[PDB]
Amino acid sequence: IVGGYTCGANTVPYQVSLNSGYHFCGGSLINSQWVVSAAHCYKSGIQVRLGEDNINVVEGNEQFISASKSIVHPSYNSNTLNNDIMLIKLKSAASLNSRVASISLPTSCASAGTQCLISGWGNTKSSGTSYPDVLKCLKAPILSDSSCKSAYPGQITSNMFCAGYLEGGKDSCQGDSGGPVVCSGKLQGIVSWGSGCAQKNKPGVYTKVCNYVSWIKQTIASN
Ligand SMILES: N=C(N)c1ccc(Br)cc1
Ligand SMILES: [Ca+2]
């Protein structure tokens with residue numbers, strides 16, 4: 001997160017860190033057994049880390065649970081990033097509490113102009129790299145479809161939306177991949193892509209979760 005703020009420990013209790021020896025992506029806990037992340041975060045050997053604030057220190061509220069299965073969306077296209085969503089099943093159910101809590105899926109698609117909360121442990125610099133160890137947060141509005149397509153002509157599908165600031169300076173970034181965009185208390189987006197981070201006229205692009213609720217619900221019901 002570039003240009004954001006330190007959230008405060010466990011104030012984003014649905015935020016997870018995906019660890020394969022190191023933190024490599026975020027995700028969102030949607031019930032005690034399932035995490036939503038980006039398809040571009042797929043790899044083997046995933047451990048889901050819940051209740052995290054500082055990802056380099058065991059502070060006492062964490063739960064570390066190996067993934068038993070990952071399910072990348074059948075239509076994910078890694079060239080265009082269309083359908084950039086994946087489900088991760090936990091080997092055992094998380095113990096839900098005030099610091100580890102699920103986030104609801106949307107029932108409708110959020111509107112342009114809605115202020116959302118984006119969070120993660122990604123790079124905090126728009127040039128160079130610095131990785132924070134505590135969770136960072138960013139308030140960002142959903143941008144109009146017209147502005148999004150003007151920023152990325154020929155690249156925005158109906159399964160994507162832009163959020164952030166066209167003037168730059170505030171954005172998600174590498175390492176935030178797969179983490180939540182929460183609007184009106186529900187999971188509306190997944191950190192997906194963007195040209196650089198926090199660059200002028202290059203806002204963040206996010207998977208449009210409201211288009212995947214049927215697939216999520218049916219997949220969870222059978223796995
Ligand atoms: N929002 C962005 N600018 C962005 C986020 C994650 C990755 Br990976 C690349 C770009
Ligand atoms: Ca920790």
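Virtual Cβ from ideal backbone geometry, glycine too; neighbours counted across all protein chains shown. Each answer follows from the model by the rule given with it, or from the source it names; no laboratory read-out is quoted.
Things to note:
- Residues that are over 19 Å from residue 142 (Cβ atoms) and over 16 Å from the mean Cα position of the chain (by Cα) number at least 3 in the following strands (runs of 3 or more DSSP E) confined to segment 25-127: 63-72.
- Positions within segment 125-145 being surrounded by 13 or more Cβ atoms within 10 Å (Cβ to Cβ), among the β-branched types (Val, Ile, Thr) and more than 14 Å from residue 55 (Cβ to Cβ), in sequence order: 142
- With respect to the conditions (1) buried (at least 17 other Cβ atoms within 10 Å of the Cβ); (2) outside the structural domain of residue 62 (by CATH), residue 216 falls short on a single one, namely (2).
Here's the yes/no breakdown for (1) within 14 Å of ligand 2 (Cβ to nearest atom); (2) closer than 20 Å to residue 181 by Cβ; (3) out of contact with any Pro (no Cβ under 7 Å at 6 or more places or on another chain):
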| position | (1), (2), (3) |
| --- | --- |
| 21 | no, no, yes |
| 28 | no, yes, no |
| 43 | no, no, yes |
| 46 | no, no, yes |
| 51 | yes, no, yes |
| 56 | yes, no, yes |
| 59 | yes, no, yes |
| 62 | yes, no, yes |
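- Every pair of residues 6+ apart whose Cβ atoms lie under 6 Å, when the first sits in segment 163-186 and is outside the structural domain of residue 85 (by CATH) and part of a strand (DSSP E or B) while the second is aliphatic (A, V, I, L, M) and surrounded by 23 or more Cβ atoms within 10 Å (Cβ to Cβ): 163/140; 163/142; 171/2; 171/198; 180/187; 181/118
- Per the listing 57, 48, 35, 134, the residue uniquely in contact (Cβ under 8 Å) with a residue 12 or more places away in the chain, touching a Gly at 6+ places or on another chain (Cβ under 6 Å), more than 15 Å from ligand 1 (Cβ to nearest atom) and closer than 27 Å to residue 5 by Cβ is 35.
- Test: residue 183 is more than 10 Å from ligand 1 (Cβ to nearest atom), under 18 Å from the mean Cα position of the chain (by Cα) and surrounded by fewer than 21 Cβ atoms within 10 Å (Cβ to Cβ): no
- Options 85, 65; residue that is among the β-branched types (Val, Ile, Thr), farther than 25 Å from residue 169 by Cα and in contact with a helix residue (DSSP H, G or I) (Cβ under 7 Å, 6 or more places away or on another chain): 85
- Output for segment 159-180, where each listed residue is surrounded by fewer than 18 Cβ atoms within 10 Å (Cβ to Cβ) and among the small types (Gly, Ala, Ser): 169
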